[PDB]
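target25.pdb follows (PDB, C-alpha atoms):
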ATOM      1  CA  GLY R   1      45.058  35.482 -85.580  1.00  0.00           C
ATOM      2  CA  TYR R   2      47.808  34.493 -83.156  1.00  0.00           C
ATOM      3  CA  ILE R   3      47.594  35.561 -79.510  1.00  0.00           C
ATOM      4  CA  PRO R   4      50.751  37.530 -78.521  1.00  0.00           C
ATOM      5  CA  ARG R   5      52.473  37.393 -75.127  1.00  0.00           C
ATOM      6  CA  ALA R   6      50.260  38.777 -72.356  1.00  0.00           C
ATOM      7  CA  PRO R   7      52.205  41.028 -69.930  1.00  0.00           C
ATOM      8  CA  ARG R   8      49.430  40.718 -67.335  1.00  0.00           C
ATOM      9  CA  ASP R   9      52.035  41.215 -64.690  1.00  0.00           C
ATOM     10  CA  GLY R  10      50.863  44.677 -63.711  1.00  0.00           C
ATOM     11  CA  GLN R  11      48.484  45.256 -66.584  1.00  0.00           C
ATOM     12  CA  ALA R  12      45.082  43.628 -66.403  1.00  0.00           C
ATOM     13  CA  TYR R  13      44.623  42.729 -70.038  1.00  0.00           C
ATOM     14  CA  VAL R  14      41.063  42.033 -71.094  1.00  0.00           C
ATOM     15  CA  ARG R  15      40.384  39.550 -73.861  1.00  0.00           C
ATOM     16  CA  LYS R  16      39.723  40.952 -77.305  1.00  0.00           C
ATOM     17  CA  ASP R  17      40.139  39.473 -80.774  1.00  0.00           C
ATOM     18  CA  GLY R  18      43.776  38.651 -80.723  1.00  0.00           C
ATOM     19  CA  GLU R  19      44.278  41.806 -78.674  1.00  0.00           C
ATOM     20  CA  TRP R  20      45.525  42.424 -75.159  1.00  0.00           C
ATOM     21  CA  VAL R  21      44.317  45.554 -73.478  1.00  0.00           C
ATOM     22  CA  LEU R  22      44.782  47.087 -70.065  1.00  0.00           C
ATOM     23  CA  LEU R  23      41.397  47.571 -68.441  1.00  0.00           C
ATOM     24  CA  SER R  24      42.242  48.889 -64.963  1.00  0.00           C
ATOM     25  CA  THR R  25      42.735  52.274 -66.498  1.00  0.00           C
ATOM     26  CA  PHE R  26      39.035  52.326 -67.426  1.00  0.00           C
ATOM     27  CA  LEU R  27      37.758  51.794 -63.898  1.00  0.00           C
TER      28      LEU R  27
END
Go ahead and render the structure in this file as structure tokens.
Amino acid sequence: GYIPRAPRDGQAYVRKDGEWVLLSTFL
């Protein structure tokens, strides 16, 4: 799949299969 825009500018997005996810929230 295509990798969408990563708004990592305040949201630490971890790498998943074509997915961007905020991780900070976890820890």
To one decimal in Å, tell me the separation between atom CA of residue R:18 and atom CA of residue R:1.
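Atom-to-atom, atom CA of residue R:18 to atom CA of residue R:1, that is 5.9 Å.
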Which value, in Å to one decimal, gives the distance between atom CA of residue R:2 and atom CA of residue R:22?
18.4 Å
Distance query residue R:7 at most 12 Å, all atoms listed in the file, self and fewer than 3 positions along chain excluded, as an NGL selection string:
:R and (3-4 or 10-14 or 19-22)
Would you give the centre and edge lengths, in Å to one decimal, of a box along x, y and z around the listed atoms of stretch 19-26 of chain R, with 8 Å added to each side, as lines of an AutoDock Vina configuration file?
center_x = 42.3
center_y = 47.1
center_z = -71.8
size_x = 22.5
size_y = 26.5
size_z = 29.7
